[PDB]
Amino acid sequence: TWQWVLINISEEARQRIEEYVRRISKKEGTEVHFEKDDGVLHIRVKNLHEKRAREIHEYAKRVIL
């Protein structure tokens, strides 16, 4: 289980990250839970491998930048 807490990110970056995680969760057969507050985006992915987590984290920094 991997949880991301993205702080004060763009609305377009949040959209690209959510869609990227949903595609990864669909192909891996797991489900992802999103939570949104003002400036804080929660992403909780059950049963995620370690290489997938690093990939999601690198893509997050790519689109948030």
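For every residue, the number given is its place in the sequence shown, counted from 1.
The PDB entry assigns residue 5 a C-alpha temperature factor belonging to the lowest third of its chain's modelled residues. Ranked by Cα temperature factor within the chain, residue 63 sits in the middle third according to the deposited record. Ranked by C-alpha B-factor against the other modelled residues of its chain, residue 24 falls in the middle third. Residue-level temperature factors show residue 14 in the middle third of its chain, judged at the C-alpha atom.
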